[PDB]
Amino acid sequence: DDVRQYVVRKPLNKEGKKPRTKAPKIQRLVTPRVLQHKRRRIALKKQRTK
RNA sequence: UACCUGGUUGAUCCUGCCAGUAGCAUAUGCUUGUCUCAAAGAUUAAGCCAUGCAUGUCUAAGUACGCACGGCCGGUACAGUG
């Protein structure tokens with residue numbers, strides 16, 4: 001199941017400001033960039049061996 | 001620029017030092033218009049020190065949920081500056 005829809009967002013409401021909601025950057029999240037970095041690390045191992 | 005001169009005697013010649021002479025460094029005295037470089041709390045006390053300053057630092061690339069500011073149409077998990 002996804003984790004990005006269950007992030008506890010804090011509500012920011014201040015006088016004279018348009019209200020909004022703030023959510024943290026999820027850490028240790030699996031992302032296409034993370035998988036690409038892992039793939040490149042294995043690829044570098046492969047190239048070194050070859 | 002490898003240099004000497006006065007002083008022992010009634011005169012002489014020496015020995016010999018004292019004094020003179022030139023630079024250099026530090027202090028000081030008097031004087032000082034321009035301009036260029038330029039040393040400067042070493043010597044006595046590695047004596048004592050008020051106060052201020054003299055070592056901090058962020059990139060696209062460690063950690064941003066400080067509205068601190070702020071989005072473009074925003075509750076895209078994370079816009080961005082910080």
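Sequence lines set the chain letters: A, B, ... in the order given, protein chains first and strands last, and positions in each chain run from 1.
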What's touching nucleotides 72-75 of chain B from the protein side, N or O pairs under 3.5 Å?
from: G74(B); atom 1: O6; to: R20(A); atom 2: NH1; distance (Å): 2.6
from: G74(B); atom 1: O6; to: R20(A); atom 2: NH2; distance (Å): 3.3
from: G75(B); atom 1: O2'; to: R9(A); atom 2: NH2; distance (Å): 3.4
from: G75(B); atom 1: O2'; to: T21(A); atom 2: OG1; distance (Å): 3.0

Does the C67(B) / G80(B) combination count as a Watson-Crick or G-U wobble pair, both distances under 3.5 Å?
no
North or south for the sugar of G33(B)? Use the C1'-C2'-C3'-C4' sign convention, positive meaning north.
north
CD on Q27(A) to CG on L29(A), rounded to 0.5 Å
8.5 Å
Inter-nucleotide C1' distance (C53(B), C58(B)), Å rounded
26 Å
Between the CD atom in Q36(A) and the NZ atom in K38(A), the distance rounded to the nearest 0.5 Å is 14.0 Å
Here the pair of heavy atoms bringing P19(A) nearest to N13(A) is CB-ND2, 3.4 Å
Report the glycosidic orientation of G75(B): syn if within 90° of 0, anti in every other case.
syn
Two-distance pair test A45(B) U5(B), Watson-Crick or wobble, each under 3.5 Å
no
Could you work out the separation of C72(B) and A54(B) based on their P atoms and round it to a whole Å?
41 Å
Say you pick atom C1' in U9(B) and the same atom in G16(B); how far apart are they, in whole Å?
16 Å
Provide the distance between the two P atoms, one in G82(B) and one in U57(B), to the nearest whole Å.
15 Å
So, does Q27(A) get its side chain near the phosphate of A64(B), meaning an N or O under 4.0 Å from OP1 or OP2?
yes
Watson-Crick or G-U wobble between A77(B) and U81(B), both distances under 3.5 Å?
no
Nearest-Å distance once atom P is located in both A61(B) and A79(B):
15 Å
Where the sugar of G70(B) falls when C1'-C2'-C3'-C4' decides north versus south:
north
Can you tell me, in whole Å, how much space there is between the P of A40(B) and that of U26(B)?
11 Å
Please state the P separation for the pair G66(B) and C73(B) - nearest whole angstrom.
23 Å
When rounded to the nearest 0.5 angstrom, what is the spacing between NZ in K45(A) and CZ in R41(A)?
8.5 Å
Using atom CD1 of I26(A) as one end and atom P of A77(B) as the other, report the distance to the nearest whole Å.
7 Å
If you measure from CZ on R39(A) to NZ on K46(A), what distance do you get to the nearest 0.5 Å?
12.5 Å
Taking only N/O atoms, report every protein-nucleotides 80-82 of chain B pair under 3.5 Å with atom names and distance.
none

Could you tell me the separation between the NZ atom of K14(A) and the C1' atom of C65(B), rounded to a whole number of Å?
16 Å
In whole angstroms, the gap separating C1' of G66(B) from NZ of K10(A) amounts to 7 Å
Hey, does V7(A) have a side-chain heavy atom less than 4.5 Å from the side chain of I26(A)?
yes
Pucker class of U43(B), where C1'-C2'-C3'-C4' positive means north and negative means south
south
